[PDB]
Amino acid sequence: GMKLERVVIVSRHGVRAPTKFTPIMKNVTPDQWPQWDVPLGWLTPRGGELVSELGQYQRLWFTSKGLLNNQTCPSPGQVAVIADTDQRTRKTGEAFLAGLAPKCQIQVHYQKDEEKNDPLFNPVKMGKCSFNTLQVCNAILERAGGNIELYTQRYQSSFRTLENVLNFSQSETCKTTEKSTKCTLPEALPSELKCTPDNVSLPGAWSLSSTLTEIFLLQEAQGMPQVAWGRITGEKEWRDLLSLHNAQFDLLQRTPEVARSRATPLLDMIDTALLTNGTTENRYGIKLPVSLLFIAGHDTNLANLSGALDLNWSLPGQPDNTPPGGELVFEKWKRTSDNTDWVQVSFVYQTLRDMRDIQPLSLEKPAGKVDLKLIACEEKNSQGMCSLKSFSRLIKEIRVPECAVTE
């Protein structure tokens, strides 16, 4: 019937320590933050272990569909891995192979100038690729309703939950302020968009909240004994908290005017990997095609791909829309009856509970999987898959030619 011929996975790095630890973070709560023994922003051994569980699940799943032969190690030119220059992405590539193909010595490709940036993951740092600053800020602004304050009103109760979790009213930030209403984060730290030719940000209570709520998720996924000082009660409060993080990523990374430019190199790689019958990747030295191309990036990249392709989703049991180790999976299926090629898009992830418990993954106890819909495709299957040329042509429409990586 339907045979799986090729897969491209764009994965967020696994569980990591917080990206920063600042005076503001310390002064928005009377409590002390739990410390992490790895440096800020690094993948933890537990983060690696959770990615290996996905690697293990994907080995079993790809083998059951015939993508990889049921042998000890995949054949030469079947599996290739690309990672961004950070330790977190590089060790996610390592960790994924430890699950997928342990003791096979498969290489993790990455740029060896480890000081500099890899444009596949961050093209707007190239000279050729810059944002039209007014167009981009205004586009994000109109997605927020015309003013950030209206976007803040939309998420009021979420900010109340974050404030309750931090015990914000009793922090140094609310020391001097006394009024009829509550001391609040948005009033203490008003948010306003900042757009430059190579970057977009929303500093204030919005950026801070995005960071803090992600830290709570990371604490939980890491298996830390005291998450958010024991003050998060059930999925409702988890999603109140992570709605702030998900909404900030929506504005800064899924807004088409930003996502199109930033997702272009990854879209070009995905397209090439699914289409060609013989090519040599020039920057890493990978002989495409391969049966499985695994790409280790960040949540920013998943959000850029989501916004560019117009993919919308929610992950059962996982409050972060772009969670640690979350995989956007592009599958090339061949219909046997006419040898026509079709593309299926999925999001493979672990629930927060399965991170917390380090749930062993298999075909019996599978990883979470959400079927994604590429609605803009012209030609579709009876089973919802985009045709190969419809998939490729959608990539042509959305891509920004100035943001291509021609090195």
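A residue's number is simply how far along the shown sequence it sits, counting from 1.
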With reference to the PDB entry, specify whether the mean Cα temperature factor is higher for 46-54 or for 375-383.
375-383
Mean Cα B factor from the PDB record: higher for 365-373, or higher for 26-34?
365-373
Highest-ranked of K91, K116, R160, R239 once sorted by CA temperature factor in the record:
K116
Between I270, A139, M126, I295, which one tops the list for C-alpha B-factor in the PDB entry?
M126
Relative to the other modelled residues of the same chain, rank the CA B-factor of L275 and answer lowest, middle or highest third.
highest
What third of its chain, lowest, middle or highest, does the C-alpha temperature factor of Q111 fall into?
highest
Among the chain's modelled residues, which third holds the C-alpha B-factor of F216?
lowest
Lowest, middle or highest third - CA B-factor, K287
highest
Lowest, middle or highest third - CA B-factor, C183
highest
